[PDB]
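start-v7.txt (compact mmCIF, C-alpha atoms)
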```txt
# COMPACT_ATOMS: atom_id res chain seq x y z
CA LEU A 1 0.00 0.00 0.00
CA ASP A 2 1.53 3.38 -1.21
CA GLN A 3 -0.09 6.09 1.07
CA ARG A 4 1.12 8.85 -1.34
CA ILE A 5 -0.96 6.92 -4.01
CA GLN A 6 -3.78 5.76 -1.58
CA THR A 7 -4.40 9.40 -0.49
CA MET A 8 -4.37 10.41 -4.21
CA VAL A 9 -6.81 7.57 -5.15
CA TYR A 10 -9.21 8.57 -2.27
CA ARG A 11 -9.29 12.18 -3.68
CA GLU A 12 -9.71 11.16 -7.36
CA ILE A 13 -12.64 8.83 -6.50
CA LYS A 14 -14.41 11.65 -4.46
CA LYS A 15 -14.15 14.07 -7.47
CA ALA A 16 -15.46 11.37 -9.91
CA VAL A 17 -18.39 10.45 -7.56
CA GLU A 18 -19.55 14.04 -6.72
CA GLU A 19 -18.80 15.28 -10.30
CA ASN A 20 -20.99 12.43 -11.80
CA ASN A 21 -23.26 12.64 -8.71
CA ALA A 22 -22.73 8.86 -8.48
CA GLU A 23 -24.09 6.79 -5.55
CA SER A 24 -20.47 5.62 -4.87
CA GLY A 25 -17.20 4.73 -6.63
CA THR A 26 -14.23 2.39 -6.04
CA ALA A 27 -10.63 2.17 -7.32
CA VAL A 28 -8.05 -0.68 -6.83
CA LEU A 29 -4.34 -0.56 -7.85
CA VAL A 30 -2.51 -3.96 -7.67
CA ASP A 31 1.30 -4.08 -8.25
CA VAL A 32 1.72 -6.42 -11.32
CA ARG A 33 5.14 -7.80 -10.06
CA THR A 34 4.14 -8.76 -6.45
CA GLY A 35 0.30 -8.81 -6.17
CA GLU A 36 0.41 -6.31 -3.25
CA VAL A 37 -2.70 -4.02 -3.23
CA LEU A 38 -0.99 -0.57 -3.62
CA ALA A 39 -4.31 1.39 -3.38
CA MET A 40 -7.91 0.45 -2.45
CA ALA A 41 -10.40 3.32 -1.88
CA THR A 42 -14.23 3.72 -1.95
CA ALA A 43 -16.38 6.87 -1.58
CA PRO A 44 -19.02 6.15 1.08
CA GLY A 45 -22.35 7.95 0.70
CA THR A 46 -16.12 -3.47 -2.19
CA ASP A 47 -19.68 -4.45 -3.37
CA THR A 48 -20.06 -6.95 -6.29
CA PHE A 49 -21.30 -6.31 -9.88
CA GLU A 50 -21.43 -7.84 -13.41
CA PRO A 51 -17.91 -7.99 -14.95
CA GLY A 52 -19.49 -7.38 -18.44
CA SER A 53 -17.00 -6.28 -21.20
CA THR A 54 -14.06 -6.80 -18.71
CA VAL A 55 -14.20 -10.60 -19.45
CA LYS A 56 -13.99 -10.15 -23.28
CA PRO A 57 -10.17 -10.00 -23.64
CA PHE A 58 -10.06 -13.35 -21.66
CA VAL A 59 -12.47 -14.93 -24.26
CA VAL A 60 -10.15 -13.93 -27.18
CA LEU A 61 -7.14 -15.24 -25.08
CA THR A 62 -8.96 -18.59 -24.51
CA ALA A 63 -10.06 -18.96 -28.18
CA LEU A 64 -6.45 -18.32 -29.48
CA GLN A 65 -5.05 -20.54 -26.63
CA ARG A 66 -7.58 -23.31 -27.72
CA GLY A 67 -6.58 -22.89 -31.47
CA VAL A 68 -10.33 -22.66 -32.35
CA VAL A 69 -9.59 -19.31 -34.12
CA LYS A 70 -6.59 -18.18 -36.24
CA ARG A 71 -4.97 -14.86 -35.13
CA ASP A 72 -5.86 -13.13 -38.51
CA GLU A 73 -9.37 -14.73 -38.76
CA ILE A 74 -12.41 -12.62 -39.80
CA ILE A 75 -15.43 -13.43 -37.52
CA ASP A 76 -19.09 -13.12 -38.76
CA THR A 77 -20.59 -10.36 -36.49
CA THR A 78 -23.96 -10.29 -38.37
CA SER A 79 -27.08 -10.62 -36.08
CA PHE A 80 -28.09 -14.09 -34.77
CA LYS A 81 -30.17 -15.70 -31.95
CA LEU A 82 -29.35 -18.36 -29.29
CA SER A 83 -32.18 -20.08 -27.29
CA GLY A 84 -34.50 -17.58 -29.12
CA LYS A 85 -32.70 -14.44 -27.67
CA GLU A 86 -30.85 -12.20 -30.25
CA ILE A 87 -27.14 -11.31 -29.52
CA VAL A 88 -27.07 -7.47 -29.78
CA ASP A 89 -23.97 -5.32 -30.54
CA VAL A 90 -23.44 -1.66 -29.43
CA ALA A 91 -21.41 -0.97 -32.64
CA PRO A 92 -22.65 -3.61 -35.12
CA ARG A 93 -20.48 -4.56 -38.20
CA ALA A 94 -20.77 -7.44 -40.76
CA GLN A 95 -17.22 -8.92 -40.40
CA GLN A 96 -14.80 -8.32 -37.43
CA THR A 97 -11.14 -9.32 -36.70
CA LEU A 98 -10.22 -10.35 -33.10
CA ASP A 99 -8.71 -6.83 -32.68
CA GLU A 100 -12.07 -5.22 -33.74
CA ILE A 101 -14.14 -7.46 -31.35
CA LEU A 102 -12.37 -6.14 -28.20
CA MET A 103 -12.29 -2.60 -29.85
CA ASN A 104 -16.01 -2.67 -30.86
CA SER A 105 -16.63 -4.76 -27.63
CA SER A 106 -18.95 -6.97 -29.79
CA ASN A 107 -21.11 -9.48 -27.83
CA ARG A 108 -21.56 -11.38 -31.15
CA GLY A 109 -17.79 -11.60 -31.80
CA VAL A 110 -17.23 -13.22 -28.36
CA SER A 111 -20.50 -15.29 -28.44
CA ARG A 112 -19.29 -17.07 -31.65
CA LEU A 113 -15.84 -17.78 -30.11
CA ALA A 114 -17.56 -19.29 -27.01
CA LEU A 115 -19.65 -21.69 -29.24
CA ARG A 116 -16.42 -22.76 -31.02
CA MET A 117 -15.41 -24.16 -27.54
CA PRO A 118 -16.70 -26.41 -24.78
CA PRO A 119 -18.25 -24.32 -21.94
CA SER A 120 -15.43 -25.71 -19.76
CA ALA A 121 -13.03 -23.53 -21.88
CA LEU A 122 -14.04 -20.08 -20.53
CA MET A 123 -14.75 -21.54 -17.05
CA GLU A 124 -11.09 -22.70 -16.75
CA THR A 125 -9.99 -19.26 -18.07
CA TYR A 126 -12.07 -17.37 -15.46
CA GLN A 127 -10.91 -19.72 -12.61
CA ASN A 128 -7.27 -19.24 -13.78
CA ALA A 129 -7.60 -15.38 -13.78
CA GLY A 130 -9.31 -15.67 -10.31
CA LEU A 131 -12.87 -14.57 -11.40
CA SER A 132 -14.18 -18.09 -10.38
CA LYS A 133 -25.04 -30.31 -16.40
CA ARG A 134 -25.07 -29.47 -20.21
CA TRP A 135 -25.20 -25.67 -21.01
CA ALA A 136 -27.98 -23.80 -22.86
CA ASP A 137 -26.71 -22.01 -26.04
CA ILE A 138 -27.48 -18.53 -24.60
CA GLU A 139 -25.66 -19.42 -21.26
CA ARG A 140 -22.53 -20.32 -23.35
CA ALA A 141 -22.75 -16.78 -24.91
CA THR A 142 -23.70 -14.45 -21.95
CA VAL A 143 -20.67 -15.61 -19.80
CA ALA A 144 -18.48 -14.63 -22.85
CA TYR A 145 -19.77 -11.01 -22.52
CA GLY A 146 -19.84 -11.36 -18.72
CA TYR A 147 -23.63 -11.12 -18.35
CA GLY A 148 -25.28 -13.35 -15.71
CA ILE A 149 -22.04 -13.53 -13.62
CA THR A 150 -20.69 -11.69 -10.50
CA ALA A 151 -17.29 -10.05 -9.72
CA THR A 152 -15.57 -7.55 -7.31
CA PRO A 153 -13.03 -4.82 -8.21
CA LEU A 154 -10.15 -6.69 -6.46
CA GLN A 155 -11.15 -9.79 -8.54
CA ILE A 156 -11.02 -7.74 -11.83
CA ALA A 157 -7.75 -6.05 -10.66
CA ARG A 158 -6.04 -9.46 -10.05
CA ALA A 159 -7.42 -10.77 -13.38
CA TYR A 160 -6.00 -7.69 -15.18
CA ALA A 161 -2.70 -8.11 -13.19
CA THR A 162 -2.64 -11.67 -14.68
CA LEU A 163 -2.67 -10.03 -18.17
CA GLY A 164 0.10 -7.62 -17.07
CA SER A 165 2.47 -10.43 -15.92
CA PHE A 166 1.75 -12.03 -19.35
CA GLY A 167 -0.05 -15.05 -17.88
CA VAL A 168 1.34 -15.39 -14.31
CA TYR A 169 -1.30 -15.45 -11.54
CA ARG A 170 0.23 -13.83 -8.40
CA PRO A 171 -2.05 -13.83 -5.31
CA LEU A 172 -3.08 -10.44 -3.78
CA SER A 173 -0.97 -9.27 -0.76
CA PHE A 174 -2.18 -6.58 1.66
CA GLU A 175 1.32 -6.78 3.34
CA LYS A 176 4.26 -4.90 1.63
CA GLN A 177 6.20 -7.20 -0.74
CA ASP A 178 9.31 -7.21 -3.04
CA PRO A 179 10.03 -9.08 -6.29
CA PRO A 180 10.56 -11.92 -6.76
CA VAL A 181 7.30 -13.70 -5.84
CA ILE A 182 6.09 -17.32 -6.23
CA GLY A 183 3.20 -17.40 -8.79
CA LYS A 184 1.38 -20.11 -10.88
CA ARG A 185 1.65 -19.56 -14.68
CA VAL A 186 -1.90 -19.96 -16.13
CA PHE A 187 -1.88 -18.36 -19.65
CA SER A 188 0.50 -18.48 -22.68
CA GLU A 189 3.14 -15.69 -22.46
CA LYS A 190 3.00 -14.98 -26.28
CA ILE A 191 -0.86 -14.79 -26.40
CA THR A 192 -1.28 -12.72 -23.13
CA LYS A 193 1.43 -10.26 -24.34
CA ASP A 194 -0.63 -10.13 -27.63
CA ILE A 195 -3.98 -9.44 -25.84
CA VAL A 196 -2.28 -6.65 -23.79
CA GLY A 197 -1.33 -5.36 -27.26
CA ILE A 198 -5.02 -5.44 -28.38
CA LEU A 199 -5.89 -3.75 -25.05
CA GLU A 200 -3.56 -0.86 -26.07
CA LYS A 201 -5.60 -0.42 -29.31
CA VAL A 202 -8.87 -0.32 -27.19
CA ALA A 203 -7.17 2.35 -25.00
CA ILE A 204 -6.22 4.36 -28.17
CA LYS A 205 -9.67 4.22 -29.96
CA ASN A 206 -11.27 5.35 -26.56
CA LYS A 207 -8.96 8.32 -25.92
CA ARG A 208 -10.29 9.21 -22.43
CA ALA A 209 -8.16 6.61 -20.42
CA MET A 210 -4.70 7.21 -22.09
CA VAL A 211 -1.80 8.71 -20.04
CA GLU A 212 0.79 11.39 -21.01
CA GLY A 213 4.22 9.70 -21.37
CA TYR A 214 3.09 6.06 -20.92
CA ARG A 215 1.37 3.39 -23.10
CA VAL A 216 -1.82 2.20 -21.35
CA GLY A 217 -4.08 -0.81 -22.12
CA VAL A 218 -7.68 -0.76 -20.95
CA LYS A 219 -11.15 -2.36 -21.26
CA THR A 220 -14.21 -0.06 -20.64
CA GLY A 221 -17.84 -1.22 -20.17
CA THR A 222 -21.28 -0.86 -18.47
CA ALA A 223 -23.22 -3.48 -16.43
CA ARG A 224 -25.96 -3.93 -13.77
CA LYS A 225 -25.12 -3.53 -10.06
CA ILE A 226 -25.73 -6.75 -7.99
CA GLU A 227 -27.58 -5.90 -4.73
CA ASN A 228 -28.43 -8.62 -2.10
CA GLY A 229 -27.75 -11.58 -4.54
CA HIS A 230 -29.71 -10.16 -7.57
CA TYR A 231 -29.31 -7.85 -10.62
CA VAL A 232 -31.03 -4.44 -10.07
CA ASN A 233 -31.77 -2.06 -13.00
CA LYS A 234 -28.95 0.26 -11.74
CA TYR A 235 -25.74 0.78 -13.83
CA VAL A 236 -21.98 0.78 -13.11
CA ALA A 237 -19.22 2.27 -15.28
CA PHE A 238 -15.80 0.53 -15.12
CA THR A 239 -12.47 0.78 -16.90
CA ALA A 240 -9.89 -1.87 -16.06
CA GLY A 241 -6.35 -1.84 -17.46
CA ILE A 242 -2.60 -2.14 -17.08
CA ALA A 243 0.39 0.19 -17.69
CA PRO A 244 2.94 0.74 -18.93
CA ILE A 245 2.19 -1.60 -21.89
CA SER A 246 5.98 -2.08 -22.67
CA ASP A 247 6.75 -3.39 -19.08
CA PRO A 248 3.46 -3.52 -17.06
CA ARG A 249 3.85 -2.32 -13.42
CA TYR A 250 0.21 -1.57 -12.40
CA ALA A 251 -3.19 -3.24 -12.71
CA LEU A 252 -5.97 -0.67 -11.96
CA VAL A 253 -9.80 -1.13 -11.75
CA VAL A 254 -12.08 1.93 -11.50
CA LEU A 255 -15.80 1.47 -10.72
CA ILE A 256 -18.47 4.23 -10.27
CA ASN A 257 -22.05 3.24 -9.14
CA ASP A 258 -25.09 4.93 -10.77
CA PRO A 259 -23.54 7.88 -12.66
CA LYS A 260 -26.35 10.47 -13.31
CA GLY A 261 -20.68 6.29 -20.62
CA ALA A 262 -16.89 6.58 -20.67
CA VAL A 263 -17.01 8.32 -17.29
CA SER A 264 -14.66 5.85 -15.53
CA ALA A 265 -12.00 6.12 -18.32
CA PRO A 266 -10.86 9.70 -17.42
CA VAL A 267 -10.76 8.60 -13.70
CA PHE A 268 -8.40 5.71 -14.70
CA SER A 269 -6.12 8.08 -16.76
CA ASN A 270 -5.75 10.45 -13.77
CA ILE A 271 -5.00 7.66 -11.16
CA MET A 272 -2.77 5.67 -13.59
CA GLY A 273 -0.65 8.89 -14.14
CA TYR A 274 -0.37 10.10 -10.49
CA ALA A 275 0.77 6.47 -9.73
CA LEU A 276 3.26 6.05 -12.65
CA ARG A 277 4.58 9.67 -12.31
CA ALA A 278 4.73 9.38 -8.44
CA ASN A 279 6.93 6.20 -8.41
CA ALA A 280 9.24 7.32 -11.29
CA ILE A 281 8.14 4.76 -13.92
CA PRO A 282 10.13 5.42 -17.13
CA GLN A 283 7.78 6.79 -19.86
CA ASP A 284 7.32 4.55 -22.97
CA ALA A 285 4.92 6.73 -25.13
```
Could you write out this file's structure as structure tokens?
Amino acid sequence: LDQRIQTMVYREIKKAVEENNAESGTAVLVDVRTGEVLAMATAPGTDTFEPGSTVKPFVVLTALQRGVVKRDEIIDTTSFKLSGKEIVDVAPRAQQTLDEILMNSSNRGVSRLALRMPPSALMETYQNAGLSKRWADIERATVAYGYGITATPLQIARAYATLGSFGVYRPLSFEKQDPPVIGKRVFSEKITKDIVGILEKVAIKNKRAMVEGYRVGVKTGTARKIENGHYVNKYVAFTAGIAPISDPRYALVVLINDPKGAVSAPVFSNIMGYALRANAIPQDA
């Protein structure tokens, strides 16, 4: 825990909450190299939510890792239905690359990849990243766009730390810690490095989360809050990401409850900076 950073996170969240007149916000900064929680801060008047788009990079990872898609493959992102429910896209296209699916955050892109794979495939991938009898065709899809499932910011932070280490799952430490650290390798180095690459492109196309000096990789989404074991028709904005792309040091999750839409992105950019610039992390942009 960096108190210089923790005090800065606690201020940045307050601004974001009161500025967006949100019900509450949360931010978590995990050190990629050690798994120590550098900053954890919440603006009272860590609750669970739907991971949503945050899981999508892990679906592309899994599909490449399973060899059920070729890296340069064009996916059919034209409308379709599973168990009678239509898969909807925010930014529909006809044909998408894997790069475009994370970039366009297409539910269809990821839904198709899931149905190229046993349901076990994504379930192993979530368990590995720490997000922890025959499946209906819609259930096989929703999980792939992180609908119908639960998560916490620390869970997303760790997960995103697992990208940063290029596939090495290091458990979270509250206690101060120094490299090197024992950690189970759970994802291909080459393919995780590559997804972090695609995350960069997401960060670029959505300018609001980028950081002056540094290269920053991010996923940004909306999903239902999960109160007392159920989904309530109340929204959460999150951006999750790692930086600096070239040698990741920080996994950061930002969550704001009930903003009153790319509103968590600029809160990431500010906290990712004051953290990188405050610990003298060589620029790479």
Can you measure CA of residue 88 (chain A) to CA of residue 131 (chain A) for me? One decimal in Å is fine.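 Atom-to-atom, CA of residue 88 (chain A) and CA of residue 131 (chain A) are spaced 24.3 Å apart.
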For residue 38 (chain A), the closest of A:227, A:50, A:258, A:2 counting all atoms listed in the file is A:2
Counting all atoms listed in the file, give me one row per residue of region 162-263 of chain A with an atom at most 10 Å from an atom of region 135-153 of chain A, showing the shortest contact pair and its distance in Å to one decimal, sorted by chain then residue number, as JSON lines.
```
{"residue": "A:223", "atom": "CA", "partner": "A:147", "partner_atom": "CA", "distance": 7.9}
{"residue": "A:224", "atom": "CA", "partner": "A:147", "partner_atom": "CA", "distance": 8.8}
{"residue": "A:225", "atom": "CA", "partner": "A:150", "partner_atom": "CA", "distance": 9.3}
{"residue": "A:226", "atom": "CA", "partner": "A:150", "partner_atom": "CA", "distance": 7.5}
{"residue": "A:229", "atom": "CA", "partner": "A:150", "partner_atom": "CA", "distance": 9.2}
{"residue": "A:230", "atom": "CA", "partner": "A:150", "partner_atom": "CA", "distance": 9.6}
{"residue": "A:231", "atom": "CA", "partner": "A:148", "partner_atom": "CA", "distance": 8.5}
{"residue": "A:238", "atom": "CA", "partner": "A:153", "partner_atom": "CA", "distance": 9.2}
{"residue": "A:240", "atom": "CA", "partner": "A:153", "partner_atom": "CA", "distance": 9.0}
{"residue": "A:252", "atom": "CA", "partner": "A:153", "partner_atom": "CA", "distance": 9.0}
{"residue": "A:253", "atom": "CA", "partner": "A:153", "partner_atom": "CA", "distance": 6.0}
{"residue": "A:254", "atom": "CA", "partner": "A:153", "partner_atom": "CA", "distance": 7.6}
{"residue": "A:255", "atom": "CA", "partner": "A:153", "partner_atom": "CA", "distance": 7.3}
```
Correct to one decimal, the distance CA of residue 198 (chain A)-CA of residue 245 (chain A) is 10.4 Å
message: Could you list, as a list in words, every residue within 10 Å of residue 157 (chain A), counting all atoms listed in the file and ignoring same-chain residues fewer than 5 positions away?
response: residues 27, 28, 29, 30, 31, 32, 35, 37, 129, 130, 131, 152, 162, 163, 172, 240, 241, 242, 250, 251, 252, 253 and 254 of chain A
All residues 10 Å or closer to residue 212 (chain A), only C-alpha atoms, same chain fewer than 2 positions away omitted, as a list in words: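 Residues near the query, excluding close chain neighbours: residues 210, 214, 215, 216, 269, 270, 273, 277, 283, 284 and 285 of chain A.
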- Message: Under the rule that all atoms listed in the file are counted, which of A:279, A:26, A:263, A:14 is the nearest residue to residue 48 (chain A)?
- Response: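 Of A:279, A:26, A:263, A:14, the one nearest residue 48 (chain A), counting all atoms listed in the file, is A:26.
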| said: One decimal, in Å: what's the spacing between CA of residue 246 (chain A) and CA of residue 174 (chain A)? | reply: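 Separating CA of residue 246 (chain A) from CA of residue 174 (chain A) is a distance of 26.1 Å.
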Min atom-atom distance to residue 67 (chain A) from the set A:191, A:178, A:91, A:276, counting only C-alpha atoms, belongs to A:191
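Of the listed residues A:3, A:34, A:46, A:21, the one whose atoms come nearest to residue 181 (chain A) is A:34, with distances taken using only C-alpha atoms.
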For a quick check of your reading of the model, name the residues lying within 9 Å of the coordinate (-24.4, 6.1, -9.1), counting only C-alpha atoms, and write them as number ranges by chain.
A: 17, 20-25, 234-237, 256-260
In terms of all atoms listed in the file, the residue from A:165, A:189, A:265, A:207 at minimal distance from residue 33 (chain A) is A:165
